Every structure is written in structure tokens, then in C-alpha cells.
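Coordinates in review
Spelled out from the first residue to the last, the chains are:
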Amino acid sequence: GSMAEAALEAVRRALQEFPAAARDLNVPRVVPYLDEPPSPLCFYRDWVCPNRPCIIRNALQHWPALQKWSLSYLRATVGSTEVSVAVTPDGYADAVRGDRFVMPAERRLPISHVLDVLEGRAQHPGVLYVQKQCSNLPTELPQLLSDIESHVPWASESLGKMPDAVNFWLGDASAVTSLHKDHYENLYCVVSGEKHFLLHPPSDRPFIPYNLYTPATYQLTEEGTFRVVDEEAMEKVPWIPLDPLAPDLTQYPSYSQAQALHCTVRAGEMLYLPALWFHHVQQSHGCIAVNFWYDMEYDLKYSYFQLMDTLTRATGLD
Ligand SMILES: O=C(O)CCC(=O)C(=O)O
Ligand code: NI
């Protein structure tokens, strides 16, 4: 009883010293750069396997998109094409608001209307963001495929597979993607503008809070009003209620024990965002990006993460 108490402290002390031990060993202080694409072997040994991020330069110039993709170009090329647009009152789709996890209001708008809202020629309630992931580029904007590649060759050879998804990203400067993780090896390419990433290694998990949230979706009405409507067709989704920009260190003090990485990834640059890595995404106004999702390898590293996630829960560490 008094010994069960001291053992729990020994369990927590191990969990609380793990992120500092793991990051001293595996995680670099700053995000390193590659001047040109790595070899498939180098890419796997140096980055994929040890779960390390890096920005890769000079790997997107065989894409015509780098020279062509202006806001005017999208209008002239795919303006009349209708795409899925996220609409949110504040620019935070897929985020914790109050005691709800809130999903964006989805909209079928022409690209030209989206461009108008960004350019000032038109106005819209809330904030817009073309951010339907699940492979929106080949699905909704296939005409743009002729300006890019359908995959990243050297990485497809390295990971030994083809991308599960190729996504299109076009957003307002006020459109922000909150802290989360995916089970994908992510190669993030920006064609115009610039993306600002706040990264956390998966080993920082014991200092990053999760909770179970009743899910809901913004409903945009004719009066330009967003109302949070409960979706009673899905069990709670776990999400991070922490804003890394302005952390609530009174309620999540242990987040100060975690350390974030920062990197601005620019036009013609490619970021290797490793699987299970936490990221928080900001963008310049009218930023255009394309990312490739390769499904992660479900090996010991994944099983390990599941354990220590469960352990973080059982010890009430957050
Ligand atoms: O650019 C964003 O807003 C988020 C994109 C993202 O998180 C991803 O790499 O899948
Ligand atoms: Ni993501």
C-alpha cells in the first residue's frame, strides 16, 4: 500500500525520464537539411528507420508546378472545378473546442470561389481551407497531376511501396492544423508560399495530453453562423487539447518537459515527416502544397508506441 505507492513513482519516473533519454539519443536539436534527394538505402537507414525528420532540397524541380502554380494559374486551369472545402469560424478544423472534438463544415465550392475569398474579390463567413486529405488531388483535381509526379520515386523504392494518398493543400493564413499524428510516412512538398511546422517526436507522448472527446461537426447556416452539432454516429475520438503556440501550462505543466522542433518549409522544399510524429501546421496566405502518404511499417516501433501510450494513460501522466 505504501510500497505500491513507491513502485508507481518508480514507474512514473521511468516514463518521465524516457522522453529526455530518447531525444538525447535519437532526436536532433534542429531539423537538418539535405541538398539533394538521398539514396533509397541512405533514406531508410539515416531517417526512416531511426524515425528522424529532415528537409530535402532540390527534389521538386522536375515538377512543372514550381514554375506554373500561381493563384492565377489555378483559376485559369481548374477554377470551375468543384472541390471539398473546409469551413470553420476561426480557422481551426479538426480541433478541441470546449468539451467537443469539432470537425470542419464541408463544402463543394469551385476553386475560383475559393481563390476569390483569398484574393479579396469576395468574402465568406469563417475561414476556408482546401484540406480534405484522403487523396483529394487525384480524386478532385486530377488535371494538376500533369504538373507533378504521382509519387516520390526514390522514397517509394526505399519504403518499398506506393503512396496511399496524394493530397492537395490550399489555405488561408488563418487556417491552422492543430497538434496530431498519423500512421503515415509523410513527404511534404510546398509549391508556393510556405508552411510552418511545430514538430514533436513520438517519444514526447508522456508530456502531451490526450483525452476522449464527444465528436461534432460545424454546421454553417444561411445567416453566416457556425453551430456545433453532435455526431451521435461514432464513439469518442482521442485528441490533444493543447495549443503549442500558447500552451496552457497551468493545466498541462508537464508539457514544458517536452521540447518542440520548428522548421519553415519553403517553395521547392520537401519535409520528411516521420510516422507518429506530432505536428502543428501553419501556412502563409494562399500557400499551395502537395504531400505523399505512405502507410507506415507496423513493426516493433509501432507496438512500442502503443505500450507507452497505454502506460501514459494508466499512470495518469496525460
Ligand atoms: O498542412 C496542414 O494544414 C496539415 C497537413 C498535414 O498535417 C499532413 O502532412 O498530413
Ligand atoms: Ni497530418
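This entry lists X-ray crystallography as its structure determination method and reports a resolution of 2.700 Å.

As annotated in the PDB entry, the chain carries the name JmjC domain-containing protein 7 and comes from Mus musculus. The title field of the PDB entry reads "The structure of JMJD7 with alpha-KG". The UniProt entry for the chain carries the following comment under Catalytic activity: "L-lysyl-[protein] + 2-oxoglutarate + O2 = (3S)-3-hydroxy-L-lysyl-[protein] + succinate + CO2". Here is the UniProt Cofactor comment for the chain, exactly as written: "Fe(2+)".

Moving on: the site of ligand 1. Residues in contact with ligand 1, as listed here, are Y129, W169, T177, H180, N186, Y188, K195, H279, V281 and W293. Within the side chain of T177, an N or O atom sits 2.5 Å from an oxygen atom of ligand 1. Summarising the interface, the protein chains cover 98% of the accessible area of ligand 1, which totals 300 Å² for the free molecule. Listing elements by their share of the shell around ligand 1, those giving two or more residues are β9 (177-180), β10 (184-192) and β17 (278-283). The residue makeup of the shell around ligand 1, split by class, is five nonpolar, four polar and one charged.

This part takes up the sheet that holds strand β6 (residues 105-110). Here we have nine strands laid out as an open sheet, ordered β1-β2-β16-β10-β18-β8-β7-β3-β6, and mixed in their pairing. Strands at the two margins of the open sheet, each flanked by one partner only, are β1 (33-34) and β6. As paired elements, strand β7 (residues 127-130) and strand β8 (residues 165-171) share two bridges and run antiparallel to each other. By the bridge assignment for β8, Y129 is matched with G171. On top of the sheet, helix α5 (residues 111-119) reaches β3 (82-88), β6, β7 and β8; it is set at about 105° to β6, its chief contact.

Let us look at the sheet that holds strand β11 (residues 195-200). Taken in spatial order, the four strands line up as β9-β17-β11-β15 in an open sheet, and their pairing is antiparallel. Of all the strands in the sheet, the pair left with one neighbour each is β9 and β15 (261-265). Neighbouring strand axes in the sheet, compared pairwise and without regard to direction, differ in orientation by 15° on average. One ladder, built from five bridges, connects β11 with β15; its direction is antiparallel. Looking at β15, one finds that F197 is bridged to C263.

Basis of the calculations
We count residues from 1 along each chain, following the written sequence rather than the entry's numbering, and we skip any residue without coordinates. Labels are handed out in written order, letters beginning with A for the chains and numbers beginning with 1 for the ligands. By convention in this description, side-chain values take in all heavy atoms of the structure and omit both hydrogens and water. UniProt positions are given in the numbering used here, feature names are shortened, and annotations may be inferred rather than shown by experiment. Whether a residue is near a molecule or strand is decided by its heavy atoms; if any one of them lies within 4 Å of it, the residue is near. Any N or O atom pair separated by 3.5 Å or less is treated as a polar contact, with the protein-specific requirement of one donor-capable and one acceptor-capable atom, and with residues adjacent in sequence counted only for side-chain atom pairs. Using the Shrake-Rupley algorithm and a 1.4 Å probe, accessible areas are obtained, with residue cover drawn only from the displayed protein chains. Each helix corresponds to a stretch of at least 4 residues labelled H or I by DSSP, and each strand to a stretch of at least 2 residues labelled E; elements are numbered beginning at the N terminus. Amino acid classes used here: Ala, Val, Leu, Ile, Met, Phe, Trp, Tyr, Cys and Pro are nonpolar; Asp, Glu, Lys and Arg are charged; the rest, including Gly, are polar. When DSSP finds two or more bridges between a pair of strands, those strands are recorded as paired. We call two residues in contact when some of their heavy atoms are within 4.5 Å. Here the axes come from fitting lines to C-alpha atoms, over the contacting stretch only for helices, and the angles between their N-to-C directions go from 0 to 180 degrees.

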